[PDB]
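J.: got the complex split up, this is the first portion:
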Amino acid sequence: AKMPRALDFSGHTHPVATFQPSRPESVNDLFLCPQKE
């Protein structure tokens, strides 16, 4: 019996099919000062 198509990994690799979650974005420190009256 011949190998099923399901087990054949011979044809060229295509683009990676999933993504790695990126590192959290870096944020800037936010300083507040009241607006003057």
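T.: Cool, the structure landed. Residues are numbered from 1 along each chain as shown, chains lettered A, B, ... in the order given.
J.: Quick one: neighbours of residue A:19, just the number.
T.: 6 (other CB atoms under 10 Å). For every residue, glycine as well, the C-beta is placed using N, CA and C.
J.: ok, now which ones touch it?
T.: When contacts are counted by CB atoms under 8 Å, 6 or more residues apart in numbering, residue A:19 touches no other residue.
J.: And it, how far from residue A:26?
T.: According to CB to CB, to the nearest Å, residue A:19 stands 20 Å off from residue A:26.
J.: now do residue A:35
T.: Where residue A:26 is concerned, residue A:35 sits at a distance of 28 Å (CB to CB).
J.: With residue A:6 instead?
T.: 44 Å.
J.: repeat for residue A:12
T.: Distance from residue A:12 to residue A:26, counting by CB to CB: 38 Å.
J.: And residue A:4, by the same measure?
T.: 48 Å.
J.: sequence below should go in as chain B:
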Amino acid sequence: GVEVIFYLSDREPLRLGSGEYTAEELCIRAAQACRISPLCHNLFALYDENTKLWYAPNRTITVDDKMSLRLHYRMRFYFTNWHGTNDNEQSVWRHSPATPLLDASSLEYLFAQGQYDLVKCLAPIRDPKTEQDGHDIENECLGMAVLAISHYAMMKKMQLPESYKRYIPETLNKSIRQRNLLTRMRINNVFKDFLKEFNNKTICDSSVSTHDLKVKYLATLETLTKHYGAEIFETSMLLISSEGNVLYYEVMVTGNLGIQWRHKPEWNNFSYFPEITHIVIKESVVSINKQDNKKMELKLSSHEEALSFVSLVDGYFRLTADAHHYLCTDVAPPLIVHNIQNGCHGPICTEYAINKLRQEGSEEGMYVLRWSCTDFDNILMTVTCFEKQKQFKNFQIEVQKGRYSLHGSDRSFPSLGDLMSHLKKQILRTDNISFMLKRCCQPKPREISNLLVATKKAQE
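T.: Let me add chain B to what's already shown:
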């Protein structure tokens, strides 16, 4: 009690205390539990395998100590050839400033689900064209059992421990157990041959990762089973503007092809998602209205089935036409609604926020609000600033039980808009730059971002 079940083996269900929940709130918990990124979150919904019905994101679940309920957290929205390995077919990617649709945890989750589908016959194998094809399908099933087993072993860091029976559809197992002894021994042996040939020869010879194994399996379900990724709805009354025994139709919805229909016995196209303007529900009746004033009306079993149908069309509309908008008030996701009321984007990449500021937020203080790409608890505010020479700064906003606070602050607000008004009375600073907030650059209808999937039919 009331539980949200996972298809992943190593994962404990969610056990819900008494109280009030949204489907969406539960799906958010579920994604945190399974490491599903905010970006992939809206591919998933809650499914009741007994009633055969999906919950709309805004459905309310009141849990008491009496009620017993099992929901499965399940990937719902699906695009054939997301994996890009069938070269006969359109590939399907996110837009980019093209990325993959799925994150690694979503792929892992989908693999567990797909295995469950195959074995429990939720994904039924296709029918033989001939006795020759019949045997051929059966061999592909054995291969699938080899993928499943090989992957389970590569995960536990095993090699040749010490059958196919639990990794193939149960109907087919039943079928095999009723054949003569020599038949059953032949099958087992071909399976043992495939398995040995794969793990010795094929894996090393092609450097096959657990990732390739997951991809291969799911790509194979697409061609091995019937209408993988489709939902088919049955109706007595189907009225279409363009066109005795009680006549019967099927309506099929898929990510790639949209809304198709036929006499229950091939498929006629009614509409792709972006051509839809709005959808109305009248008890069990659903009308889908297109831009060209054409309409499909259909009558389903119940209102709950109507809500399940419309959730699906609406979820695919968000995925292919407009990430920030909804077609039907009755299934509108609460986060979608609140985001609209607040001028807030979904988890767009930073570059899209910058591009929107470079076009419509050129002055200092113009901002974009966007949900974080990496967790469900934070909104980012991206602001145009200038030195003393244009820069873009990002500031984190915490969201915790309906309360909004700047990152680190002991002061919180009962709504995002309250927090913004307060902030609009301050002088803001970071690094050397001081400025005051000007106006929000809100999401625009039908704009393109990484929240949208670029399928063949979505291009128009």
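J.: Repeat for the contacts of residue A:19, accounting for chain B.
T.: Applying CB atoms under 8 Å, 6 or more residues apart in numbering or on different chains to residue A:19 gives the contacts B:99-100, B:102-104.
J.: rerun at 7 Å
T.: Contacts for residue A:19 (CB atoms under 7 Å, 6 or more residues apart in numbering or on different chains) come out as B:99-100, B:103.
J.: Now do stretch B:240-259: everything it contacts.
T.: With contacts defined as CB under 7 Å, 6+ apart, stretch B:240-259 is touched by B:77-80, B:229-236, B:238, B:260-264, B:267, B:269-273, B:288, B:294-296, B:298, B:312-313, B:316, B:455, B:457.
J.: Out of the contacts of residue A:19, which are close to chain A?
T.: Checking the contacts of residue A:19 against chain A by CB under 7 Å from any CB of the partner chain, the ones in range are B:99-100, B:103.
J.: Next, the buried residues of stretch B:132-149.
T.: Residues B:136-149 are the ones in stretch B:132-149 that count as buried (16 or more other CB atoms under 10 Å in any protein chain shown).
J.: Same check on stretch B:60-67?
T.: Neighbour-count burial for stretch B:60-67, counted by 16+ other CB under 10 Å, picks out residue B:61.
J.: Residue 28: what's it in contact with?
T.: I went with chain A, as the question did not name one. Per CB under 7 Å, 6+ apart, neighbours of residue A:28: B:393-395, B:430.
J.: sorry, should have said chain B
T.: B:41, B:376.
J.: ok, 6 Å please
T.: residue B:376 (CB atoms under 6 Å, 6 or more residues apart in numbering or on different chains).
J.: Distance from the chain centre to stretch B:197-212, please.
T.: 29 Å (CA atoms, centre = their mean, to the nearest Å).
J.: Please read the previous query as pertaining to stretch B:430-449.
T.: For stretch B:430-449, the distance to the chain centre is 29 Å (CA atoms, centre = their mean).
J.: Check stretch B:144-159 too.
T.: With CA atoms, centre = their mean, you get 26 Å for stretch B:144-159.
J.: same check, this time on stretch B:400-413
T.: Put simply, stretch B:400-413 sits 30 Å off its chain's centre (CA atoms, centre = their mean).
J.: First-to-last residue distance for it?
T.: By CA to CA, to the nearest Å, the extent of stretch B:400-413 from end to end equals 10 Å.
J.: likewise stretch B:402-418?
T.: 12 Å.
J.: next one: stretch B:319-326
T.: Note: stretch B:319-326 ends 11 Å apart using CA to CA.
J.: contact partners of it?
T.: Residues lying outside stretch B:319-326 but in contact with it, judged by CB under 6 Å, 6+ apart, are B:77, B:273-274, B:314, B:332, B:336, B:346, B:443, B:445-446, B:451, B:453, B:458.
J.: Which secondary structure state is assigned to residue B:153?
T.: Look at residue B:153: counting by DSSP: H, G, I helix; E, B strand; the rest coil, its state is helix.
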